[PDB]
Structure formats: C-alpha cells, structure tokens
C-alpha cells in the first residue's frame, strides 16, 4: 500500500481565522477542505516541505512555525503520515496561487466533517487554543 509523508500548514491570522483551500473534484479526498500542503520529497526535510508547499500552493513563505501535530492515518487505499505545522508568521498574502478556492475561516466555525477524516483530532485541538 502507498505510504506518504505529507506536510501541511495551519495558517492563522491575528483574528483567529485560518486560511483554508478546497481540494479538486478529481483528487484524493476530493472536494474536501484542507490545510495547504503536500508530499515531503526525497532529500528535503518536513520543515523545508511545508515552506515549499505553501510557496507553491498559496504564495507565502512561512517562518518561525512549530509542529502542531504529527499523526498517521490509514485511508482505504493509502497510508499517510501528516505533519501539521502551525504557521502564525509569514511573508506574503495567501491566495489561490494554483487556481484553487481559498478563504479565511474562523477557527470556531470549522467543521471537521468538511475536512479529510485524518484532520479530526487536529481541528479539535485547534479549537482548544
């Protein structure tokens, strides 16, 4: 079974809102809300991966970020390890740089059902902040 290491950024502004994108209709976890992120490539670290992925997907460079959660999830056809980085400082303004929907969402209003099931404990822990 496919095994993947995924790095994602929880992009939180000063108003307790998170920058959330929506996955394509033909992707794994299609139409789900998501933290921007992607696969950690050979020869790059989890910290380098979250920087690169956020630069590619939403056009910001995260800085002074921290590991919020690391967890593993077994999907029906793949196993992934998710590295959830809390990003509270960055250069740039996040946008749909890859043409994907993106918008700021209040932390209190997040609905874990809208995200891949792997995100359930992370969304709960975020609302604990």
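Positions refer to the first chain, counted from 1.
K.L.:
Comparing 53-61 with 25-33, which has the greater mean CA B-factor as deposited?
P.N.:
Going by the record's values, the stretch with the higher mean is 25-33.
K.L.:
Tell me which of 62-70 and 80-88 has the higher mean C-alpha B-factor in the deposited entry.
P.N.:
The deposited B-factors put 62-70 ahead on the C-alpha mean.
K.L.:
Could you look up the Cα B-factor of residue 106 in the entry and say which third of the chain it sits in: lowest, middle or highest?
P.N.:
Lowest third - that is where residue 106 ends up once the chain's C-alpha B-factors are sorted.
K.L.:
By the recorded C-alpha temperature factor, relative to the other modelled residues in its chain, which third is residue 41 in?
P.N.:
Middle third by C-alpha B-factor.
K.L.:
Considering every modelled residue of the chain and its Cα B-factor in the PDB entry, is residue 47 in the lowest, middle or highest third?
P.N.:
According to the entry, residue 47 has a C-alpha B-factor in the chain's lowest third.
K.L.:
Could you look up the Cα B-factor of residue 129 in the entry and say which third of the chain it sits in: lowest, middle or highest?
P.N.:
Ranked within chain, residue 129 CA B lands in the highest tercile.
K.L.:
Mind checking which third residue 1 falls in for C-alpha B-factor across the chain?
P.N.:
Tercile = highest for this residue's CA B-factor.
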